[PDB]
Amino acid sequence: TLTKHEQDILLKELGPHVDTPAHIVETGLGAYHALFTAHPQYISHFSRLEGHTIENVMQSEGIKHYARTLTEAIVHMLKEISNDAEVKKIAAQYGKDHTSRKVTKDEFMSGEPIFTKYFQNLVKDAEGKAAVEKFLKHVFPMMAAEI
């Protein structure tokens, strides 16, 4: 399980990106710009991104909705990342948000390297970039097991 120290480093270094509603949305938008630039065929899987392609998805109203839900799901797991039983419970809930959707388990896991690089570019030092990678490597398989 991640240590309380690692939880503290993550919360401290990601704090300026998740401290206001506007910051939450800008952090999420960056994650989707990375995910869809690598895999633009994933836009079609999200119901509110109907009618859009890579040329115009980032300007949509629907992408702002998912920017908040993705980022706030991540911050909920970060807040409990040193509590093994709670983060496993939370991650199971977020994985279950994907079971009946159009996304495959392989597509879901393809987000790991993209979100790791993106979130690592938001933090300031190597310790925090390593914690971001450890965090995502721990929660991605918990969520993916529900898919």
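Note that residue numbering follows the sequence shown and begins at 1.
Novice: Between 29 to 37 and 43 to 51, name whichever shows the higher mean Cα B factor according to the PDB entry.
Specialist: Per the deposited B-factors, the answer is 43 to 51.
Novice: Would you mind comparing 105 to 113 and 56 to 64 for me and telling me which has the higher average C-alpha temperature factor in the entry?
Specialist: Higher of the two, by average CA B-factor, is 56 to 64.
Novice: So among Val139, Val132, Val18, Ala126, who wins on Cα B-factor in the entry?
Specialist: Of the candidates given, the C-alpha B-factor peaks at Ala126.
Novice: Can you tell me which third, lowest, middle or highest, the CA B-factor of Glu86 falls into for its chain?
Specialist: Its C-alpha B-factor, which the entry lists for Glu86, ranks in the lowest third among residues of this chain.
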